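A short worksheet on the structure shown next.
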Amino acid sequence: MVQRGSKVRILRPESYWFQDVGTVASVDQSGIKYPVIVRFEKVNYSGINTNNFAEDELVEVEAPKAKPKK
């Protein structure tokens, strides 16, 4: 589940930030090309920092917990 704060991988071959984990800034539910907003640290050929992606084009890859079960 992609909430505000969860980091996800980018699966958009068009996005300069392919194969990189960004952070979800906010989720808009009204009708846009990318309901979920993602943030990055690097830039691209256009010189951007934040963009918008769809949840289906993102994978959840947060730092796993170091404690399966005691």
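In the structure tokens, chains take the letters A, B, ... in the order shown, each chain's residues start at 1, and ligands count up from 1 in the order shown.
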
Could you list, as a PDB file with C-alpha atoms, in the first residue's frame, every residue within 9 Å of residue 26 (chain A), counting only C-alpha atoms and ignoring same-chain residues fewer than 2 positions away?
ATOM      1  CA  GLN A   3       0.935   5.933   1.563  1.00  0.00           C
ATOM      2  CA  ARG A   4       2.623   9.303   2.240  1.00  0.00           C
ATOM      3  CA  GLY A   5       6.143   8.368   3.423  1.00  0.00           C
ATOM      4  CA  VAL A  24       5.517   9.471  -1.851  1.00  0.00           C
ATOM      5  CA  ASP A  28      -4.470  12.927  -5.340  1.00  0.00           C
ATOM      6  CA  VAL A  36       0.365   9.100  -6.758  1.00  0.00           C
ATOM      7  CA  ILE A  37       3.139  11.724  -6.445  1.00  0.00           C
ATOM      8  CA  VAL A  38       6.778  10.575  -6.088  1.00  0.00           C
TER       9      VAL A  38
END

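Residues lying within 7 Å of region 53-66 of chain A, counting only C-alpha atoms and ignoring same-chain neighbours fewer than 5 positions away, are residues 6, 7, 8, 9, 10, 11, 12, 34, 35, 36, 37 and 38 of chain A.
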
Print the selection's residues with N, CA and C atoms to a file, as a short mmCIF file (atom, residue, chain, number, x, y, z; two decimals), in the first residue's frame.
data_model
loop_
_atom_site.label_atom_id
_atom_site.label_comp_id
_atom_site.auth_asym_id
_atom_site.auth_seq_id
_atom_site.Cartn_x
_atom_site.Cartn_y
_atom_site.Cartn_z
N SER A 6 5.92 6.18 2.39
CA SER A 6 6.44 4.88 1.86
C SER A 6 7.28 5.12 0.61
N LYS A 7 8.46 4.55 0.56
CA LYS A 7 9.32 4.69 -0.65
C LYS A 7 9.06 3.55 -1.64
N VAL A 8 8.98 3.85 -2.91
CA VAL A 8 8.71 2.79 -3.92
C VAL A 8 9.72 2.88 -5.07
N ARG A 9 9.94 1.79 -5.77
CA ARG A 9 10.85 1.82 -6.95
C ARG A 9 10.12 2.42 -8.16
N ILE A 10 10.86 2.94 -9.11
CA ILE A 10 10.22 3.52 -10.33
C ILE A 10 10.27 2.51 -11.48
N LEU A 11 9.13 2.14 -12.01
CA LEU A 11 9.11 1.20 -13.17
C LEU A 11 8.68 1.93 -14.44
N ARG A 12 9.09 3.17 -14.59
CA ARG A 12 8.70 3.96 -15.79
C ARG A 12 9.92 4.18 -16.70
N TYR A 34 -1.24 10.58 -13.23
CA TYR A 34 -0.53 9.84 -12.14
C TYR A 34 -1.14 10.19 -10.78
N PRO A 35 -2.05 9.35 -10.31
CA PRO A 35 -2.71 9.59 -8.99
C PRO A 35 -1.67 9.81 -7.89
N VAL A 36 -0.62 9.04 -7.88
CA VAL A 36 0.37 9.10 -6.76
C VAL A 36 1.52 10.04 -7.12
N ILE A 37 1.98 10.82 -6.18
CA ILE A 37 3.14 11.72 -6.45
C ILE A 37 4.42 11.11 -5.86
N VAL A 38 5.49 11.13 -6.60
CA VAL A 38 6.78 10.57 -6.09
C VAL A 38 7.84 11.68 -6.04
#

Just the number, please: distance in Å from CA of residue 69 (chain A) to CA of residue 2 (chain A), one decimal.
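Atom-to-atom, CA of residue 69 (chain A) and CA of residue 2 (chain A) are spaced 24.6 Å apart.
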
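Atom pair CA of residue 39 (chain A) / CA of residue 25 (chain A): separated by 6.5 Å.
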